[PDB]
Structures are given as structure tokens and as C-alpha cells.
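Q: experimental coordinates for this protein are included below, preceded by the sequence.
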Amino acid sequence: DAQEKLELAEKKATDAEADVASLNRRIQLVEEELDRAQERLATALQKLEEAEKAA
Amino acid sequence: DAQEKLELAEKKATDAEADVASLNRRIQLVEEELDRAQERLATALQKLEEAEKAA
Amino acid sequence: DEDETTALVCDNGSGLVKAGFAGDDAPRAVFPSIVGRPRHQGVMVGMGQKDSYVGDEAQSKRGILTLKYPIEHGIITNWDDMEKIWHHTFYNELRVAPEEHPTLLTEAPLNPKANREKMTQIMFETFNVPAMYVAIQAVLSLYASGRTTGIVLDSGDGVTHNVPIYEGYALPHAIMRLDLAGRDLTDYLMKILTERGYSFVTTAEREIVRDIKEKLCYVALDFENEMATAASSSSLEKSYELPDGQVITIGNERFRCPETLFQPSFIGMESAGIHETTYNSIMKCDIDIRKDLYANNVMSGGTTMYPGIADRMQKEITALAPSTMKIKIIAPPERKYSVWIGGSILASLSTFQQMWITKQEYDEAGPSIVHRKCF
Amino acid sequence: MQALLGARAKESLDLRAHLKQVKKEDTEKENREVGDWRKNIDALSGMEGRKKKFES
Ligand SMILES: Nc1ncnc2c1ncn2[C@@H]1O[C@H](COP(=O)(O)OP(=O)(O)O)[C@@H](O)[C@H]1O
């Protein structure tokens, strides 16, 4: 029972960790898309400056 | 050892789950920031289109 | 399912395939012109795994696939693979079966006849499209640009077309179709990077080089001054991240590869380059039509995104051109996508609804009808 | 004496306005494919244990 609870707790940890990792992958994918959105925003804003400058 | 590993596996599971929860928050926060960044990007680009159009 | 039975529009190049519906300002999706096939023996069972992959599937699963391109220098050489691409492009991704919508495809005006005939045949016989019309790519570039007069130089992956159009009319005796294109620039870059110590020969390696080109390369309006420094100092090099974490830097090679559009001898081609062909498309037209073509050099297609290409294409023409005359390059944001956009514009014109081959006329005449009805 | 410069400047403007109006009418009439999509994620927050497969 300690061992089964352990396999279950270890599984919970494995799955929770699988999700710590899946979440970190999504966080980094989203943070990267965010940083990229912000890089692309800074670019869009710089290109906006070029467009307004063009205006 | 099974019981100690259980307390530690459950702790690890708790910590891993706590990390999933902290990370679920990091996702919701970054996810929303990305949707917002995409909107900011779209906004800068729409302004670019209007500024370029003005040009 | 759609609000109206407007045409589906799809520009099938040697590089990319793009599609969406007539009336919008963008394709819904872009795919590489690829059908992929496993080059390895499978060992695990119940792994899914297709016998062949199409478009983005082929590129996404490329780690174990050999990837083939059905289109070369503007024409389809493998129609079976294009059939797979069109099914995926129109039905799996735009979610519209061609059976219920007219389809507008495209080809250059001096594109070999077999290709405009095969596109007409497949959409009518395998997709049962109710109507067809294969667009002139130069026309679509002009529609997207908002021009009726100019030289359309479409520098795509396949072929550079170089066609003078005046007031909506072609001047065919002055078309300089040239077998110099973006695909050659990619292979040249694989070879020059090999010289730098970063060999590229396989499909995965070619896709990396195409990605390097698309993010790092440029033309340089004044390449002699640019290479004098770029070939002398690391301050002109730019780093690229490869899929496995490796970093490659490129110096004068960064613009020397695109330079081939002006210097075709770099790839063993006998040609004057794109600026001289623009010049001759203008110069071979009557003098009352050149004064408008000089002022309207119309840039279209891909490769047009390299910084310095517009200025490099205007400076060289100006140098070849007579003095007094104003030489002007038109290089809109609707670049690379201008043919698709023009396709949407053509498809929605009320006057264009009389230009369609119906799936009646098609069967009575056969696919040769494309030359009676389209161009 | 100025009748022709008026007419010629106008002809140029009418053609340019026509050509731009044609591409602008499609730009404004339909605009969905020119936009973007959510592109959401899985996360698997409901994964409280192992699956029924022999592989899990
Ligand atoms: N960022 C970029 N920089 C330089 N060249 C580009 C870029 N994007 C696209 N091109 C190039 O343009 C070519 C695509 O040809 P294209 O004109 O789009 O055919 P099509 O008319 O069917 O759309 C490819 O060789 C591609 O590498």
C-alpha cells in the first residue's frame, strides 16, 4: 500500500511533471509567441513609424 | 522507504502539481498577454495600414 | 456552406502554393509545393504514418521524408502530386470542394501549353469543377498593384517572366522569359555555404537553406561597395539559428547569392540578368509605349522581399535607360502574394464572369479549350 | 489655353482612381483570410492518471 500509493504518487508526480513540462513548453511557446508578438509589435510600431513617416 | 518516498513523491507530486498550478497561472497570464499582444500587434499593423494608407 | 459560389483562387508555383476564396485579400493558407515520401523502413506499428504527405504535412514530417516538388520553372511535371496538393489546398484546408465552385488557377503568358492544358484538365476531370479560367500571372500582378501599364517582373522561385503590358494589352514580342529564379538562388546558397564550412545537400538541408535565404539574404543596391566591406569584415555578418541549435554566419555571400539575379553566370546561366531583361521588355516596345513602361517597372512575386532589390532594379535600369527619362520601380507590400490577390480581384470582376470555361464546353472541346477560352 | 491640361490631369486621376478603387473594393468587401486565428493548446490539466493503453 505504501508502494502502491507511492507508484500512484510517483505517477501523480510523473504526470504532474509531465504537465510541469507540458506547461513549460506551452509557457515558453506562448512566451516566445508573446516576445515575438512584442518583437513584431516593436517592429510593427517601428514600421508604423515608417508608415507614419511615409505619411 | 516506500512511505518516505511516498511522502516525498506526494510532495514532489504536490510541488509538481503546484508548479503546474503556478504554470497554469503563467499560461493564463502569458496566454492573455499573447492574445493582447496579438491585438496590440494587429493594432500597430492596422495603424500601419491606416498610416501607410494615409501615406 | 459559403455565402456565394465565388471562385476558389490558387496560385501554384515551383516554391509555394497559395489559396483562398475569390473576393478576399489573402489566401487562407500557404503550402510548399511538396509531396513527401518516407525514405526509411518503419519498425514500430500503429504509429499512424502516411505513405505520402502533402504540403505542410510533408514539410512538418520531413525528418524522415524525401521531398519532391511537382512544379519546375513554372510548369507541372507531376500532375498526380498536384492533384494531391489541390485536394488538400481546396478541400482539406479551405473546406470547399471545387465541385461546387469555379476555380481560378494561374500561369505565365509564355508558359508551355501543356501546363495550362493540364491544369484545366485535372480540375474538370478529377475535381469536377463547374468552371475554369487560368489567369495570366502578369495580369494578376497588375490587378493587385493597381496598374494597367508596366513591366511585370515576377522573379519567383520558378521562372522570371519579364512581360511589358500597356493599357491592359500585352506586347508579346517584347517578353523576355528567363530561366533564372529563386530556386537557383537557394541551390547556389547551399554550395556557397559549403565553401564556408557548412555543407548542405539533402532535403532537410535544402529546406534550412531556403529558410536562411528568406531571413538573412539581401540584394544590395550597390553591391561593389557592400562586398568591399562585407568580404573584409565580420561586422557585416549575420547569424542564423539552425533546427538543431547550430549557428551559421554569412557575410558577402549573404547578398552574393541574390546578386545572381543580376549576375546569372554565378550558377552557370547565360543571361543578361533581370535588370537588362526589364530594360529590353521596355526597349523592344514602340517608343510611345516605353515612356510609360520606364515609369512603371512592376515588381511582383517572391524574392522581391530582399532589401535592395527594388532600388537595385531601378538603378540598373536607369543606367541602361536613356537620360531625361524617368525610371520608376513599383514594389508594393502585396509582394509575393500579388498574384493570388490579383486572382481574387479578377475572379470577382463582373466582366470576368463571361471569361469562364464551363464544364460543358470543356467536355465538348477537351483541355485544348484553354487556348480558345483563356489565353 | 488650359483646357487640355485640366482634361489630361483628370484622365490620369480617373484611371488611377479606377484602378485603386477596384483593388480597394475587394480589400474592404471581404477580410477574413487576411486576419488571424486563436491557435489554442492542449495542456492536459485533466490528466489525473494513466491511460487505458498498454503503452501508458
Ligand atoms: N523573406 C523572403 N526573402 C527573400 N525571398 C523570399 C522571401 N519570401 C519569399 N521569397 C522567395 O520567393 C519564391 C516564391 O515564389 P512565388 O512568387 O511566391 O510563386 P507564386 O507566384 O506561385 O506565389 C521562393 O524562392 C522564396 O524563397
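A: Noted; the coordinates are in hand. Numbering: from 1, shown residues only, chains lettered A, B, ... in the order given.

Q: all helices for chain A, in order.
A: Assigned by DSSP state H, chain A shows helices spanning A:2-54.

Q: what is the neighbour count of residue C:270?
A: For residue C:270, the neighbour count with other CB atoms under 10 Å in any protein chain shown is 8. (C-beta placed from N, C-alpha, C; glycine too.)

Q: hang on, it packs against residue C:264?
A: Yes - Residue C:270 lies in contact with residue C:264 (CB atoms under 8 Å); the separation is 7.2 Å.

Q: residues contacting the closest residue to residue C:110 other than its chain neighbours?
A: Take residue C:110 and drop its neighbours on the chain: the residue closest to it by CB to CB, 6 or more residues apart in numbering or on different chains is residue C:177, 4.5 Å away. For residue C:177, the contacting residues are C:108, C:110, C:159-163, by CB atoms under 8 Å, 6 or more residues apart in numbering or on different chains.

Q: tell me which of these fall in helices.
A: Nothing among the contacts of residue C:177 maps onto helices, per DSSP H.

Q: and those, which are buried?
A: Buried by 16 or more other CB atoms under 10 Å in any protein chain shown: C:108, C:159-163, out of the contacts of residue C:177.

Q: out of these, who's nearest residue C:355?
A: Top of the list for closeness to residue C:355, among those and by CB to CB, is residue C:108 at 17.9 Å.

Q: which ones are touching the closest one?
A: C:74, C:136-138, C:154, C:159, C:161, C:163, C:177.

Q: ok, residue C:168 next?
A: Residue C:168 neighbours (CB under 8 Å, 6+ apart): residue C:148.

Q: tell me the secondary structure for residue D:47?
A: Of the three states, residue D:47 takes coil according to DSSP: H, G, I helix; E, B strand; the rest coil.

Q: ok, now which ones touch it?
A: Neighbour list for residue D:47: A:15, A:18-19 [criterion: CB under 8 Å, 6+ apart].

Q: at 10 Å what do you get?
A: The contact partners of residue D:47, by CB atoms under 10 Å, 6 or more residues apart in numbering or on different chains, come to A:12, A:15-16, A:18-19, A:22, B:20.

Q: what do you get for residue C:182?
A: C:13-15, C:155-160, C:210, C:213-214, C:258, C:261, C:301-304, C:306, C:336.

Q: now do the shared contacts for residue C:270 and residue C:264.
A: Here residue C:270 and residue C:264 share the contacting residues C:179-180, scored by CB under 10 Å, 6+ apart.

Q: residue C:224: how many residues sit nearby?
A: Residues near residue C:224, counting by other CB under 10 Å, number 7.

Q: so which elements touch the host helix or strand of it?
A: Element membership of residue C:224, judged by DSSP states H and E, is helix C:223-230. If you count contacts as 3 or more CB pairs under 10 Å, 6 or more residues apart in numbering or on different chains; DSSP states H and E, helix C:223-230 packs onto helix C:253-256.

Q: hmm, the helix it packs on touching the ligand?
A: No - Helix C:253-256 lies apart from the ligand when judged by CB under 6 Å from any ligand atom; the minimum separation is 11.5 Å.

Q: just stretch A:30-43 next, same as before
A: No - Stretch A:30-43 does not reach the ligand (CB under 6 Å from any ligand atom); its nearest approach is 13.7 Å.
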